[PDB]
Amino acid sequence: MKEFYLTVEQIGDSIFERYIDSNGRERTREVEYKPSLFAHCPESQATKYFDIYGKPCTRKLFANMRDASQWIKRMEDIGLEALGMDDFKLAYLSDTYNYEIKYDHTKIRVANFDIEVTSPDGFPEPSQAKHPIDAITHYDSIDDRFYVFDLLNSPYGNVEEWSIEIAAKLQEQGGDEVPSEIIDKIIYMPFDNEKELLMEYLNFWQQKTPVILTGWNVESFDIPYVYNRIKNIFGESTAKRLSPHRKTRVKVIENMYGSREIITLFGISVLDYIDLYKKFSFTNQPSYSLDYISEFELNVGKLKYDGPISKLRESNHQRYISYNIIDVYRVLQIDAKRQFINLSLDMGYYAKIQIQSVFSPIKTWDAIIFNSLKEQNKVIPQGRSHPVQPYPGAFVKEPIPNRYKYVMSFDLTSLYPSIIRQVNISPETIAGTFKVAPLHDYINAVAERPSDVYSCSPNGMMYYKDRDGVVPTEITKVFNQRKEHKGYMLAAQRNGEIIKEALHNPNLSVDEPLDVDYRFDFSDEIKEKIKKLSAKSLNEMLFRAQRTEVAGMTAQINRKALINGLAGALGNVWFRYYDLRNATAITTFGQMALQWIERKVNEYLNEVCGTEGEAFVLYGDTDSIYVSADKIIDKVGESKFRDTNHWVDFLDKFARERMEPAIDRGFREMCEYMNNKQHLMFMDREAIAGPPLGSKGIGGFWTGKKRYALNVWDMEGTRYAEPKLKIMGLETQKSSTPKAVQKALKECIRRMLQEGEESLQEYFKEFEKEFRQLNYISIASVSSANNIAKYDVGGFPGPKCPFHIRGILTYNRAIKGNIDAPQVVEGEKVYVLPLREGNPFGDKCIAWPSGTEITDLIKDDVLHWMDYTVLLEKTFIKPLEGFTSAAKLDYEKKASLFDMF
DNA sequence: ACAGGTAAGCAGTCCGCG
DNA sequence: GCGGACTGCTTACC
Ligand SMILES: Cc1cn([C@H]2C[C@H](O)[C@@H](COP(=O)(O)OP(=O)(O)OP(=O)(O)O)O2)c(=O)[nH]c1=O
Ligand SMILES: [Ca+2]
Ligand SMILES: [Ca+2]
Ligand SMILES: [Ca+2]
Ligand SMILES: [Ca+2]
Ligand SMILES: [Cl-]
C-alpha cells in the first residue's frame with residue numbers, strides 16, 4: 001500500500017516522523033533534513049526555478065535546518081527576499097509524499113480519553129495537580145477497547161472494585177446502564193495505589209501511543225493534569241514519556257486569577273473535541289458541558305447522581321467509574337454522528353499538514369498553494385509583515401419593515417470562491433488597474449467597459465484571462481468536493497421528507513428497514529416499497545436518513561468554510577498572499593453582482609407584470625435576493641389552487657422556468673461587461689414562503705437588516721412534509737435568550753405566520769399566565785464572561801461595567817470564603833438573572849457558570865428574589881413588541897372603542 | 001498572529017431638559 | 001427623572 005505519515009515534528013536540526021509504511025506498519029524515524037530555499041538571481045543565469053511572477057531564482061541547499069533559518073534572518077538583515085517554504089515540516093512532507101495521499105484510518109491510532117480527580121478543594125488545577133488521579137478511561141481505536149484504570153486507595157477514601165455486572169444493569173434496577181454494545185469492550189484494571197496506576201498507564205501509553213489524541217476538554221484539563229501529576233511524582237523526565245520523542249513544550253501563559261497551562265506533546269496530534277465541535281458544528285451553545293452537548297446531539301439524559309461530584313467516588317464508586325466510562329463513549333457517539341475526526345483527517349492529508357493544523361485555514365492554504373506551486377517548479381514568496389487596514393465587504397439592503405405574504409428567495413452558489421474563479425483572482429494573475437467609476441455606474445451599466453483585454457473587478461483591478469493562478473485552481477478543487485457532499489446532503493434530506501410523508505400510512509406489519517444508500521434520491525421501487533412498511537421500520541430509516549444528512553452537512557459546510565476562508569485570508573496580514581487589492585476585488589465584485597441582479601430582477605418582473613417601476617426585491621444580503629411574490633400570485637388569485645401545495649408548485653415552476661433564465665441572462669451580461677474569464681454567477685431559487693391557503697397567517701415579516709421570519713414550504717428543492725420556519729437573526733436564534741423564551745417566541749412567530757392575530761394573542765395570554773412556573777434555568781439569560789478583571793475594581797462593579805459582568809461580581813461576592821462553589825471561568829458562558837428590588841445580594845442581577853445549577857449555598861435566595869417581571873419584560877415582551885410592530889399586529893387585545901356595549 | 005466584513009439589540013454614562 | 005446619543009459588548013448573518 002501507499003505510504004502515509006502520522007505525525008511530523010522539527011526538533012533542532014532533526015525531523016521526527018511517525019508513519020505507516022508500504023506494509024501497514026507503524027514506524028518512527030529521525031531525519032537530518034536538508035532544506036532548500038531560493039534567492040533571486042540575474043535573468044541571464046539559467047535555472048529551472050522561477051518565483052510566481054516569472055522572475056528567476058537560485059536554489060540553495062542547507063546542511064541542516066538551523067543553517068536555513070539563519071540565512072532567512074541574514075537576508076532580512078540585508079533587505080532581499082528570502083524565498084521558499086520556511087516552515088520545514090511542510091517542505092519535508094511535500095518532499096517525502098510527492099503524490100496524493102490515500103490513508104487507511106484503521107491504521108491510525110486515535111485515542112479518546114478522560115480522567116477523574118476527586119477534589120474537596122474546588123476545581124483541581126492542572127498546573128498544580130495537588131490531588132490524586134483516581135480514574136482513567138482510555139479508548140483505543142485500533143484495539144476497539146475501553147481501557148479502564150481505577151484507583152481503589154487514596155487520601156479521600158478507599159473503595160471496592162467496580163462491577164461490570166452491575167454497571168450493565170438498568171438504572172431502574174440499581175445498575176449504571178453502561179450500553180451493551182460496549183460492555184464487551186471494557187478492559188478493567190484495579191490499582192492498589194496511584195503510583196502503580198500512573199506507572200502502568202505510562203507503559204500502556206508506550207505500547208499504544210496515540211497519533212490522534214482526543215476527548216472532552218482534554219487539552220485544558222486531562223492532558224495538563226496527567227502531565228503535571230506524573231511530573232510532581234516521578235519527575236519531568238518520566239512525564240516526558242507522554243511524547244513519543246520525549247519532547248514537550250510548556251506554554252505558561254497565566255491570567256490574574258492564578259495559573260493556567262497548556263502542554264504540547266511532540267509527536268502527537270492533539271484534537272480536543274470541544275475545539276473540533278466549536279469549529280465544525282456551527283452551533284453557538286449556552287454551555288459546553290458534555291451532558292449538555294450529549295443531550296443536544298444524541299438526545300440522551302443527564303447522567304444523574306446524588307450529592308456533589310467531589311463526594312461521588314466515596315459515596316458511590318460504582319457509579320463514579322461507570323460515568324467516567326460513559327463520558328468517553330459519549331464523545332465517540334457524537335463523533336459517529338458528526339464525523340469531525342474523519343473531516344480532520346481528510347483535510348490534513350489533502351493539504352499535507354500536521355493534522356492539528358486543520359484549525360488554521362491560513363496554515364492549511366499556505367500548504368495547498370505551496371504544494372501546487374512546487375509541482376510546477378515555481379517558488380513561493382517570502383511571508384512579509386503588514387499593518388492591519390480595514391476594507392469594505394458586502395452590501396446589505398435596508399428593508400421596509402413589514403409583513404410580506406408570499407416571498408421567494410434566490411441565492412448565488414459559493415459566491416466569493418465563484419468570484420475568484422470567474423474573475424481569475426490570484427497573486428500572480430494581476431495584470432494592472434483601470435480607473436474606477438463610482439460603484440453605482442457599474443450597477444446600472446452607465447460606466448464604460450473597463451477592459452477589452454483583461455478580466456475585471458469594479459474595484460479597479462485587472463487580471464489575465466489566459467493563465468491559471470493557483471488560487472482559482474486550488475479553490476475550484478475544494479469547491480467540487482463541496483458540491484459533491486452538498487448533493488449527498490440534500491438528497492438525504494429529500495429522502496427523509498419522503499419517509500415522513502409515509503409515516504401517515506404506517507402498515508400493521510413486521511419487517512426490517514430497507515437496505516438503501518440515502519445519499520441518492522430514492523428510486524420509484526424503493527418509494528413503492530416504503531408506503532407498505534411499518535412505523536418501526538420507517539423510523540429506523542428516518543434516523544438513518546438524518547444520520548446521512550448530518551454526515552453530509554459536516555463534509556459540505558466545512559469545505560465551504562475552508563474555501564470562504566481563502567477569500568478572507570487574502571485580507572489577513574499573516575497569509576503569505578495577503579493583498580487587499582485581491583480581497584477588495586472579491587467583495588466589491590460581490591456588491592456589484594447583488595445590486596446588478598436586483599436591478600435586473602426588478603426589471604424583468606415589471607415587464608412580466610406590465611407594471612411600472614415597482615419594487616419586488618424587498619431585501620438582500622451579500623448574495624441573496626428576497627422577491628415579493630404577491631403580484632404573481634394575485635395575477636391568478638388565491639381563489640383556485642384548492643390547497644397550499646398547488647401555489648407552491650406554481651411559484652417553483654415560475655422560478656425555474658421564467659425567473660432563473662432571465663436571471664441567468666442578467667449575469668451573462670455582467671460577466672461580459674466585466675470581461676471575465678468564465679461565467680460562474682449561478683443564482684437559483686432557495687425558499688418558497690407563504691401562509692397556509694386562506695388562513696389568518698401573514699406568511700412572513702422583516703424588522704430590519706439581518707432580521708426576518710418566513711414560513712417555508714420548499715427549500716432548495718426539498719418539499720417539506722410540514723412547513724418549516726426560517727428565522728434569521730431574531731431572538732429565537734440567539735444562544736443568549738432563555739430556552740423557554742426562544743421556544744415561546746418561536747410559537748408566537750409560528751402563530752403569526754401560519755395562523756393569525758387571534759391565535760398569537762391567545763398564546764401570549766397563556767404564556768404570561770404560566771411564566772412564573774417555568775424552571776429558573778429555562779428562563780435565565782446566557783452570556784460570555786469576557787474581561788471580568790478589567791471591571792472588577794474591589795469586587796464591586798467598575799465603570800461602564802457590563803450587566804453580566806456585574807452579575808458575576810455579585811456571585812463572587814456571594815460565594816466568598818467557601819472555596820468549594822464553582823468559580824466563574826474567564827471567557828466562559830454564564831446564566832444571568834435579574835434581581836428583585838431590595839434583595840440580599842445588594843445588586844440587581846446575578847450570574848453563575850452555565851450548564852450547572854448554582855450551588856445550594858445561594859440557590860434558594862436566588863429563586864426567591866427572582867425578578868420575573870423584569871425577565872418577562874426584557875427577554876420576551878420587548879422582542880415580541882419588535883416582531884408585532886414590524887408585522888403591523890398586536891399581541892394584546894386593543895381597546896375596541898365598542899367595549900361600551 | 002496564525003480567514004474576512006456587516007449589523008443588530010441591550011446596557012452604561014453622560015447631557016439636555018422650564 | 002428619562003430619552004437620546006454614543007460607546008462597549010455580545011451574538012447574530014453573510
Ligand atoms: C457563511 C459565510 C459567508 N461568507 C461570504 C462568502 C460567501 O461566498 C458569501 C455568501 O455566503 P453564503 O450565502 O452563506 O454561502 P456561499 O455563497 O459561500 O455558499 P452557498 O450559497 O452555496 O452556501 O458570504 C464568508 O465570508 N464567511 C462565512 O462564514
Ligand atoms: Ca468527570
Ligand atoms: Ca443555493
Ligand atoms: Ca450563497
Ligand atoms: Ca446567502
Ligand atoms: Cl508538575
Side-chain angles (χ1 to χ4, degrees), chain A residues 86-87 279 282-286 353-354 356-367 383 385-399 401 411-412 414-417 420 475 560-580 582-584 586-588 590-591 594 619-624 702-708 726-737 781-788 790-791 797-807 827 829-830 832 834 844-845 870 873-875 878-879 881-883 886:
Chain A
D86 46 343
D87 176 330
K279 221 228 152 160
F282 285 92
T283 51
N284 192 7
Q285 298 290 25
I353 53 178
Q354 289 178 114
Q356 70 270 16
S357 261
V358 300
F359 295 111
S360 171
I362 278 159
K363 180 60 72 163
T364 297
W365 277 116
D366 197 39
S385 82
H386 305 88
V388 175
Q389 291 183 47
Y391 66 98
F395 172 89
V396 189
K397 175 173 185 73
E398 185 72 70
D411 197 76
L412 281 162
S414 286
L415 176 71
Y416 281 16
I420 291 181
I475 217 172
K560 171 182 163 167
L562 189 63
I563 56 173
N564 280 162
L566 182 39
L570 293 163
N572 185 286
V573 299
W574 296 102
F575 192 41
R576 185 174 311 262
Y577 310 99
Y578 176 69
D579 194 339
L580 255 23
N582 284 335
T584 286
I586 296 156
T587 70
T588 318
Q591 290 216 3
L594 187 262
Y619 186 62
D621 190 345
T622 312
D623 74 331
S624 68
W702 264 257
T703 80
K705 298 183 167 174
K706 312 277 202 192
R707 304 181 99 248
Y708 56 100
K726 226 253 184 233
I727 307 171
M728 260 38 236
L730 305 183
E731 278 79 1
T732 48
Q733 313 311 121
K734 289 183 158 232
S735 54
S736 51
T737 118
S781 284
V782 188
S783 190
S784 300
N786 300 325
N787 283 124
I788 305 162
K790 187 233 212 127
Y791 295 106
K800 182 149 201 199
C801 190
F803 185 73
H804 58 294
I805 304 302
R806 183 188 295 271
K829 300 249 190 153
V830 284
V832 190
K844 32 113 100 163
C845 64
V870 165
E873 173 51 40
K874 276 168 27 165
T875 77
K878 232 289 189 76
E881 177 58 34
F883 309 159

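Per chain, numbering begins at 1; letters A, B, ... match sequence-line order. Just the heavy atoms: all of them, side chains too, but no hydrogens, waters or symmetry mates, feed the values below.
OP1 or OP2 of C:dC9 sits under 4.0 Å from a side-chain N or O of A:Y791. The phosphate of B:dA3 has neither OP1 nor OP2 within less than 4.0 Å of any side-chain N or O from A:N564. Within the 4.0 Å cut-off from OP1 or OP2 of B:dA11, at least one side-chain nitrogen or oxygen of A:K874 is found. Residue A:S784 places at least one side-chain N or O under 4.0 Å from the OP1 or OP2 atom of C:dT11. Side-chain nitrogen and oxygen atoms of A:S360 include at least one within less than 4.0 Å of the OP1 or OP2 phosphate oxygen of B:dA3.
The interatomic distance linking A:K397 (NZ) with B:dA7 (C1') rounds to 17 Å, in whole Å. Nucleotide C:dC13 holds its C1' atom 15 Å from the CZ atom of A:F395, rounded to whole Å. When the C1' atom of B:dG5 is taken as reference, atom CG of A:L570 falls 14 Å away, rounded to whole Å. Rounded to whole Å, the distance from CG on A:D579 to P on B:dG4 is 15 Å. In this structure, A:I420 places its CD1 atom 11 Å from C1' of B:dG4, rounding to the nearest Å. Rounded to whole Å, the distance from NZ on A:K800 to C1' on C:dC9 is 8 Å. In this structure, A:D621 places its CG atom 12 Å from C1' of B:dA8, rounding to the nearest Å. In this structure, CG of A:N787 is placed 12 Å from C1' of C:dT10, rounded to the nearest angstrom.
Backbone-only contact: A:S735 has heavy atoms under 4.0 Å from sugar-phosphate atoms and none from a base. Using a 4.0 Å heavy-atom distance criterion, A:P392 is classed as a sugar-phosphate-only contact. Residue A:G704 is classed as having no contact, given no heavy-atom separation below 4.0 Å to the nucleic acid. Within 4.0 Å of A:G568, counting heavy atoms only, lies at least one base atom of the nucleic acid. Using a 4.0 Å heavy-atom criterion, one finds that A:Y578 contacts no nucleic acid atom at all.
Toward the 5′ end of DNA chain B lies the nearest nucleotide of A:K363, the other residue of the pair A:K844 and A:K363 mapping further downstream. Along DNA chain B, the nucleotide nearest A:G565 and the nucleotide nearest A:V396 are compared for position; the residue whose nucleotide lies closer to the 5' end is A:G565.
Of the possible polar contacts, one joining the A:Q591 side chain to the A:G393 backbone as a donor-acceptor pair under 3.5 Å is found. Distance alone, capped at 3.5 Å, places no donor-acceptor pair between the A:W365 side chain and the A:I475 backbone. Between the side chain of A:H804 and the backbone N or O of A:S784 there is at least one donor-acceptor pair closer than 3.5 Å.
Look at the P atom in both C:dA5 and B:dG18: the space between them is 16 Å, to the nearest Å. For the P atoms, the distance from B:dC2 to C:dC13 is 24 Å, rounded to whole Å.
The distance from atom CG of A:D579 to atom OG1 of A:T584, rounded to the nearest 0.5 Å, is 9.0 Å. Of the inter-residue distances, the one linking A:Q354 atom CD with A:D87 atom CG reads 7.5 Å to the nearest 0.5 angstrom.
In the set B:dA7, C:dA12, B:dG12, B:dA7 carries the atom at the smallest distance from any side-chain atom of A:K705. You'll find that the side chain of A:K706 is closest to C:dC13, out of C:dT11, C:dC13, B:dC2. Across C:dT10, B:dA8, B:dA3, the shortest atom-to-atom separation from the side chain of A:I805 is found for C:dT10. Closest approach to the A:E398 side chain among B:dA8, B:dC2, B:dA11 is made by B:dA8 (side chain taken as heavy atoms from C-beta onward). Each of B:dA3, B:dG12, C:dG8 was ranked by its minimum atom distance to the side chain of A:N572; first place goes to B:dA3. Of the candidates B:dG12, C:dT10, C:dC13, C:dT10 carries the atom nearest the A:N786 side chain, counting heavy atoms from C-beta on. Listed nucleotides B:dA3, C:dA12, B:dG12 differ in distance to A:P361; the shortest reach to its side chain belongs to B:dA3. Ranking C:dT11, C:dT10, B:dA3 by closeness to the A:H804 side chain, first place goes to C:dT10. Checked against C:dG8, B:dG12, C:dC13, the side chain of A:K790 finds its nearest nucleotide in C:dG8.
The aromatic rings of A:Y708 and A:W702 lie parallel to each other, with less than 30° between the two planes, well short of the 60° mark.
For A:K560 and A:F282, the positive end is not near the middle of the six-membered ring at less than 6.0 Å and at most 45° from its axis.
A south sugar is assigned to C:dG4: the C1'-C2'-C3'-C4' torsion is negative, on the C2'-endo side.
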